[PDB]
file my_file.cif (mmCIF, N, CA, C and O atoms)
data_data
loop_
_atom_site.label_atom_id
_atom_site.label_comp_id
_atom_site.auth_asym_id
_atom_site.auth_seq_id
_atom_site.Cartn_x
_atom_site.Cartn_y
_atom_site.Cartn_z
N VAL A 71 9.03 -60.25 22.08
CA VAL A 71 9.08 -58.78 22.34
C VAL A 71 10.22 -58.47 23.31
O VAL A 71 10.00 -57.97 24.40
N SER A 72 11.43 -58.77 22.94
CA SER A 72 12.58 -58.49 23.85
C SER A 72 13.89 -58.45 23.06
O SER A 72 14.80 -57.72 23.39
N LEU A 73 14.00 -59.24 22.02
CA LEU A 73 15.27 -59.25 21.23
C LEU A 73 15.18 -58.21 20.10
O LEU A 73 16.06 -58.12 19.26
N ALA A 74 14.14 -57.43 20.07
CA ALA A 74 14.01 -56.40 19.00
C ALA A 74 14.65 -55.10 19.47
O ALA A 74 14.84 -54.18 18.70
N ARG A 75 14.98 -55.00 20.72
CA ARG A 75 15.59 -53.75 21.24
C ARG A 75 17.11 -53.90 21.30
O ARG A 75 17.66 -54.34 22.29
N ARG A 76 17.79 -53.54 20.25
CA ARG A 76 19.27 -53.66 20.24
C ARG A 76 19.87 -52.44 19.53
O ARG A 76 19.17 -51.74 18.82
N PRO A 77 21.13 -52.21 19.76
CA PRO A 77 21.85 -51.08 19.16
C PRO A 77 22.14 -51.35 17.68
O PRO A 77 23.04 -52.09 17.35
N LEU A 78 21.38 -50.76 16.80
CA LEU A 78 21.60 -50.98 15.35
C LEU A 78 23.10 -50.95 15.06
O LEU A 78 23.84 -50.24 15.71
N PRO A 79 23.51 -51.73 14.09
CA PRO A 79 24.92 -51.83 13.69
C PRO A 79 25.29 -50.63 12.80
O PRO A 79 24.44 -49.85 12.43
N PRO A 80 26.56 -50.53 12.49
CA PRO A 80 27.08 -49.45 11.64
C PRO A 80 26.70 -49.70 10.18
O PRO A 80 27.07 -50.70 9.59
N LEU A 81 25.95 -48.81 9.58
CA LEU A 81 25.55 -49.01 8.16
C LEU A 81 26.77 -48.91 7.24
O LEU A 81 27.76 -48.29 7.58
N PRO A 82 26.64 -49.53 6.10
CA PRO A 82 27.69 -49.54 5.06
C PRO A 82 27.67 -48.23 4.27
O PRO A 82 28.74 -47.78 3.90
N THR B 9 7.40 -58.26 2.56
CA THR B 9 8.42 -58.23 1.48
C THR B 9 9.39 -57.07 1.72
O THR B 9 9.18 -55.97 1.27
N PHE B 10 10.46 -57.32 2.44
CA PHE B 10 11.44 -56.23 2.71
C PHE B 10 12.74 -56.52 1.96
O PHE B 10 13.01 -57.64 1.57
N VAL B 11 13.55 -55.52 1.76
CA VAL B 11 14.84 -55.74 1.04
C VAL B 11 16.00 -55.31 1.94
O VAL B 11 16.06 -54.19 2.40
N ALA B 12 16.92 -56.19 2.20
CA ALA B 12 18.07 -55.83 3.08
C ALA B 12 19.05 -54.93 2.32
O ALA B 12 19.86 -55.40 1.54
N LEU B 13 19.00 -53.65 2.56
CA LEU B 13 19.93 -52.71 1.87
C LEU B 13 21.32 -53.35 1.79
O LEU B 13 22.06 -53.13 0.85
N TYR B 14 21.67 -54.15 2.76
CA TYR B 14 23.01 -54.80 2.72
C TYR B 14 22.96 -56.16 3.40
O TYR B 14 21.95 -56.54 3.97
N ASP B 15 24.04 -56.89 3.35
CA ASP B 15 24.07 -58.23 4.01
C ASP B 15 24.27 -58.01 5.51
O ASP B 15 25.24 -57.40 5.93
N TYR B 16 23.38 -58.50 6.33
CA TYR B 16 23.56 -58.29 7.79
C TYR B 16 24.20 -59.52 8.42
O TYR B 16 23.73 -60.63 8.26
N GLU B 17 25.27 -59.34 9.14
CA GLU B 17 25.95 -60.49 9.80
C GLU B 17 25.45 -60.63 11.24
O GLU B 17 25.82 -59.87 12.11
N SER B 18 24.61 -61.59 11.49
CA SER B 18 24.09 -61.78 12.88
C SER B 18 25.21 -62.30 13.78
O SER B 18 26.27 -62.67 13.31
N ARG B 19 24.99 -62.32 15.06
CA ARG B 19 26.04 -62.82 15.99
C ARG B 19 25.40 -63.70 17.06
O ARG B 19 26.05 -64.11 18.01
N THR B 20 24.14 -64.00 16.93
CA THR B 20 23.47 -64.86 17.94
C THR B 20 22.31 -65.62 17.28
O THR B 20 21.99 -65.39 16.13
N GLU B 21 21.69 -66.51 17.99
CA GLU B 21 20.56 -67.29 17.41
C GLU B 21 19.30 -66.42 17.40
O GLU B 21 18.30 -66.77 16.81
N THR B 22 19.34 -65.29 18.06
CA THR B 22 18.14 -64.41 18.09
C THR B 22 18.15 -63.49 16.87
O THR B 22 17.43 -62.51 16.81
N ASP B 23 18.95 -63.79 15.89
CA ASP B 23 19.00 -62.92 14.68
C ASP B 23 19.49 -63.74 13.48
O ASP B 23 20.24 -64.68 13.62
N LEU B 24 19.07 -63.38 12.30
CA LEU B 24 19.51 -64.13 11.09
C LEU B 24 20.28 -63.18 10.16
O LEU B 24 19.89 -62.05 9.95
N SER B 25 21.37 -63.64 9.61
CA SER B 25 22.17 -62.77 8.71
C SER B 25 21.56 -62.80 7.30
O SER B 25 21.22 -63.85 6.79
N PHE B 26 21.42 -61.66 6.68
CA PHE B 26 20.85 -61.66 5.30
C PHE B 26 21.85 -61.04 4.33
O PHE B 26 22.93 -60.62 4.71
N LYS B 27 21.52 -61.00 3.07
CA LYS B 27 22.46 -60.42 2.07
C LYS B 27 21.83 -59.18 1.43
O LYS B 27 20.69 -58.85 1.69
N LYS B 28 22.56 -58.50 0.59
CA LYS B 28 22.01 -57.29 -0.07
C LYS B 28 21.01 -57.70 -1.16
O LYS B 28 21.34 -58.45 -2.06
N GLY B 29 19.80 -57.23 -1.07
CA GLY B 29 18.78 -57.60 -2.10
C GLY B 29 18.01 -58.83 -1.62
O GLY B 29 17.04 -59.23 -2.23
N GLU B 30 18.42 -59.42 -0.53
CA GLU B 30 17.70 -60.62 -0.02
C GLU B 30 16.33 -60.20 0.50
O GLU B 30 16.19 -59.23 1.22
N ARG B 31 15.30 -60.93 0.15
CA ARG B 31 13.94 -60.57 0.63
C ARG B 31 13.67 -61.27 1.96
O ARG B 31 13.94 -62.44 2.12
N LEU B 32 13.13 -60.56 2.91
CA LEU B 32 12.84 -61.18 4.23
C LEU B 32 11.39 -60.89 4.63
O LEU B 32 10.88 -59.81 4.40
N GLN B 33 10.72 -61.83 5.23
CA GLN B 33 9.31 -61.60 5.64
C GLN B 33 9.29 -60.93 7.02
O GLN B 33 9.46 -61.58 8.03
N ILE B 34 9.08 -59.65 7.06
CA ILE B 34 9.06 -58.94 8.38
C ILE B 34 7.96 -59.54 9.26
O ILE B 34 6.95 -60.00 8.78
N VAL B 35 8.17 -59.54 10.55
CA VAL B 35 7.15 -60.11 11.48
C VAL B 35 6.70 -59.02 12.44
O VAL B 35 5.61 -58.49 12.34
N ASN B 36 7.54 -58.68 13.38
CA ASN B 36 7.18 -57.61 14.35
C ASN B 36 8.14 -56.43 14.17
O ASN B 36 9.33 -56.55 14.40
N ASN B 37 7.63 -55.30 13.76
CA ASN B 37 8.52 -54.12 13.55
C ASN B 37 8.06 -52.98 14.46
O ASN B 37 8.41 -51.83 14.24
N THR B 38 7.30 -53.27 15.47
CA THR B 38 6.83 -52.19 16.38
C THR B 38 7.51 -52.33 17.75
O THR B 38 7.27 -51.56 18.65
N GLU B 39 8.36 -53.31 17.90
CA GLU B 39 9.05 -53.50 19.20
C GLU B 39 10.32 -52.65 19.23
O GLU B 39 10.42 -51.69 19.97
N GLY B 40 11.30 -53.00 18.44
CA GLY B 40 12.56 -52.22 18.43
C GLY B 40 13.13 -52.15 17.01
O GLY B 40 12.75 -52.92 16.15
N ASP B 41 14.03 -51.24 16.76
CA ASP B 41 14.63 -51.13 15.40
C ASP B 41 14.95 -52.53 14.88
O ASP B 41 14.97 -52.78 13.69
N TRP B 42 15.20 -53.46 15.77
CA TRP B 42 15.51 -54.84 15.34
C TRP B 42 14.20 -55.61 15.16
O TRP B 42 13.64 -56.14 16.10
N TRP B 43 13.69 -55.66 13.96
CA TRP B 43 12.40 -56.37 13.72
C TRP B 43 12.66 -57.86 13.52
O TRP B 43 13.75 -58.27 13.19
N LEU B 44 11.67 -58.67 13.73
CA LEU B 44 11.86 -60.14 13.56
C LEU B 44 11.53 -60.54 12.13
O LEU B 44 10.41 -60.41 11.69
N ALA B 45 12.48 -61.03 11.39
CA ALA B 45 12.19 -61.43 9.99
C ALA B 45 12.32 -62.95 9.84
O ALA B 45 13.04 -63.60 10.56
N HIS B 46 11.62 -63.50 8.89
CA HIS B 46 11.68 -64.97 8.66
C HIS B 46 12.12 -65.23 7.21
O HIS B 46 11.49 -64.78 6.27
N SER B 47 13.19 -65.95 7.02
CA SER B 47 13.66 -66.24 5.64
C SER B 47 12.79 -67.33 5.02
O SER B 47 12.50 -68.33 5.65
N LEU B 48 12.38 -67.15 3.79
CA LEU B 48 11.53 -68.19 3.14
C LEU B 48 12.42 -69.20 2.42
O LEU B 48 11.97 -70.24 1.99
N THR B 49 13.69 -68.90 2.28
CA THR B 49 14.61 -69.84 1.59
C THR B 49 14.64 -71.17 2.35
O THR B 49 14.25 -72.20 1.84
N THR B 50 15.11 -71.15 3.57
CA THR B 50 15.17 -72.42 4.36
C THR B 50 14.00 -72.45 5.35
O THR B 50 13.46 -73.50 5.65
N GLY B 51 13.61 -71.32 5.86
CA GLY B 51 12.48 -71.29 6.84
C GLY B 51 13.03 -71.15 8.26
O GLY B 51 12.78 -71.98 9.11
N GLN B 52 13.79 -70.12 8.52
CA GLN B 52 14.35 -69.93 9.88
C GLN B 52 14.04 -68.52 10.38
O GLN B 52 13.98 -67.58 9.61
N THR B 53 13.85 -68.36 11.66
CA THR B 53 13.55 -67.00 12.21
C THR B 53 14.86 -66.30 12.58
O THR B 53 15.87 -66.93 12.80
N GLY B 54 14.84 -65.00 12.66
CA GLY B 54 16.07 -64.26 13.02
C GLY B 54 15.80 -62.76 12.99
O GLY B 54 15.47 -62.20 11.96
N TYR B 55 15.94 -62.09 14.10
CA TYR B 55 15.69 -60.63 14.11
C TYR B 55 16.51 -59.99 12.99
O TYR B 55 17.23 -60.66 12.28
N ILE B 56 16.39 -58.71 12.82
CA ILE B 56 17.15 -58.03 11.73
C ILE B 56 17.22 -56.53 12.02
O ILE B 56 16.27 -55.95 12.51
N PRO B 57 18.33 -55.94 11.68
CA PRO B 57 18.55 -54.50 11.88
C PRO B 57 17.77 -53.70 10.83
O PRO B 57 17.95 -53.89 9.64
N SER B 58 16.89 -52.84 11.26
CA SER B 58 16.07 -52.04 10.30
C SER B 58 16.96 -51.11 9.47
O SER B 58 16.66 -50.81 8.33
N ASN B 59 18.05 -50.64 10.03
CA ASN B 59 18.93 -49.73 9.25
C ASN B 59 19.61 -50.50 8.12
O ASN B 59 20.28 -49.93 7.28
N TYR B 60 19.44 -51.80 8.09
CA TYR B 60 20.07 -52.61 7.00
C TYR B 60 18.99 -53.07 6.02
O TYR B 60 19.28 -53.68 5.00
N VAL B 61 17.74 -52.79 6.31
CA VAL B 61 16.64 -53.21 5.40
C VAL B 61 15.76 -52.00 5.09
O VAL B 61 15.84 -50.97 5.73
N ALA B 62 14.92 -52.12 4.10
CA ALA B 62 14.03 -50.98 3.73
C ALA B 62 12.75 -51.52 3.09
O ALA B 62 12.74 -52.58 2.50
N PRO B 63 11.69 -50.76 3.23
CA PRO B 63 10.37 -51.13 2.68
C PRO B 63 10.32 -50.84 1.18
O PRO B 63 10.37 -49.70 0.75
N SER B 64 10.23 -51.86 0.37
CA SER B 64 10.18 -51.64 -1.10
C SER B 64 8.89 -50.90 -1.46
O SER B 64 7.84 -51.32 -0.99
#
call {"tool": "encode", "arguments": {"input": "my_file.cif", "output": "structure tokens"}}
result
Amino acid sequence: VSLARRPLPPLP
Amino acid sequence: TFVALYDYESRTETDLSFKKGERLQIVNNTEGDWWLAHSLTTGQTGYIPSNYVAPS
């Protein structure tokens, strides 16, 4: 419960 | 049973890169947009970007 909080990448 | 809208290129061991149409076993999707998925092909864990996958 810690590596799930990240800045989503740029979608294609 | 999730489908990666596209191939995701991970950049750390806390995430696994998938391909478009690749099925991944979601694990925890209530923590952050980055849910933990497990590939059944080889059997390795790796978070995943939700904006790159979708619920079939």
call {"tool": "resolve_selection", "arguments": {"input": "my_file.cif", "expression": "the PyMOL selection byres ((chain B) within 6 of (chain A))", "output": "PyMOL selection string"}}
result
chain B and resi 22+39-43+55+57+59
call {"tool": "resolve_selection", "arguments": {"input": "my_file.cif", "expression": "the PyMOL selection byres ((chain B and resi 64) around 6)", "output": "PDB file with N, CA, C and O atoms, keeping the file's coordinate frame"}}
result
ATOM      1  N   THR B   9       7.400 -58.260   2.560  1.00  0.00           N
ATOM      2  CA  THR B   9       8.420 -58.230   1.480  1.00  0.00           C
ATOM      3  C   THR B   9       9.390 -57.070   1.720  1.00  0.00           C
ATOM      4  O   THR B   9       9.180 -55.970   1.270  1.00  0.00           O
ATOM      5  N   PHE B  10      10.460 -57.320   2.440  1.00  0.00           N
ATOM      6  CA  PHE B  10      11.440 -56.230   2.710  1.00  0.00           C
ATOM      7  C   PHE B  10      12.740 -56.520   1.960  1.00  0.00           C
ATOM      8  O   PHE B  10      13.010 -57.640   1.570  1.00  0.00           O
ATOM      9  N   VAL B  11      13.550 -55.520   1.760  1.00  0.00           N
ATOM     10  CA  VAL B  11      14.840 -55.740   1.040  1.00  0.00           C
ATOM     11  C   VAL B  11      16.000 -55.310   1.940  1.00  0.00           C
ATOM     12  O   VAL B  11      16.060 -54.190   2.400  1.00  0.00           O
ATOM     13  N   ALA B  62      14.920 -52.120   4.100  1.00  0.00           N
ATOM     14  CA  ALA B  62      14.030 -50.980   3.730  1.00  0.00           C
ATOM     15  C   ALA B  62      12.750 -51.520   3.090  1.00  0.00           C
ATOM     16  O   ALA B  62      12.740 -52.580   2.500  1.00  0.00           O
ATOM     17  N   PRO B  63      11.690 -50.760   3.230  1.00  0.00           N
ATOM     18  CA  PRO B  63      10.370 -51.130   2.680  1.00  0.00           C
ATOM     19  C   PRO B  63      10.320 -50.840   1.180  1.00  0.00           C
ATOM     20  O   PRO B  63      10.370 -49.700   0.750  1.00  0.00           O
TER      21      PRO B  63
END
call {"tool": "atom_distance", "arguments": {"input": "my_file.cif", "atom1": "atom N of residue 16 in chain B", "atom2": "atom N of residue 28 in chain B"}}
result
5.8 Å
call {"tool": "closest_residue", "arguments": {"input": "my_file.cif", "among": "B:38, B:24, B:47, B:30", "to": "residue 12 in chain B", "atoms": "only N, CA, C and O atoms"}}
result
B:30
call {"tool": "atom_distance", "arguments": {"input": "my_file.cif", "atom1": "CA of residue 61 in chain B", "atom2": "CA of residue 35 in chain B"}}
result
13.2 Å
call {"tool": "closest_residue", "arguments": {"input": "my_file.cif", "among": "B:31, B:60, B:45, B:53", "to": "residue 17 in chain B", "atoms": "only C-alpha atoms"}}
result
B:60
call {"tool": "atom_distance", "arguments": {"input": "my_file.cif", "atom1": "CA of residue 26 in chain B", "atom2": "CA of residue 54 in chain B"}}
result
9.4 Å
call {"tool": "select_by_dssp", "arguments": {"input": "my_file.cif", "residues": "chain B", "states": "strand (DSSP E or B)", "output": "number ranges by chain"}}
result
B: 10-11, 16, 23, 26, 31-36, 42-47, 52-57, 62-63
call {"tool": "axis_aligned_box", "arguments": {"input": "my_file.cif", "around": "range 71-81 of chain A", "padding_each_side": "3 Å", "output": "AutoDock Vina command-line options"}}
result
--center_x 18.4 --center_y -54.3 --center_z 15.8 --size_x 24.7 --size_y 18.0 --size_z 23.2
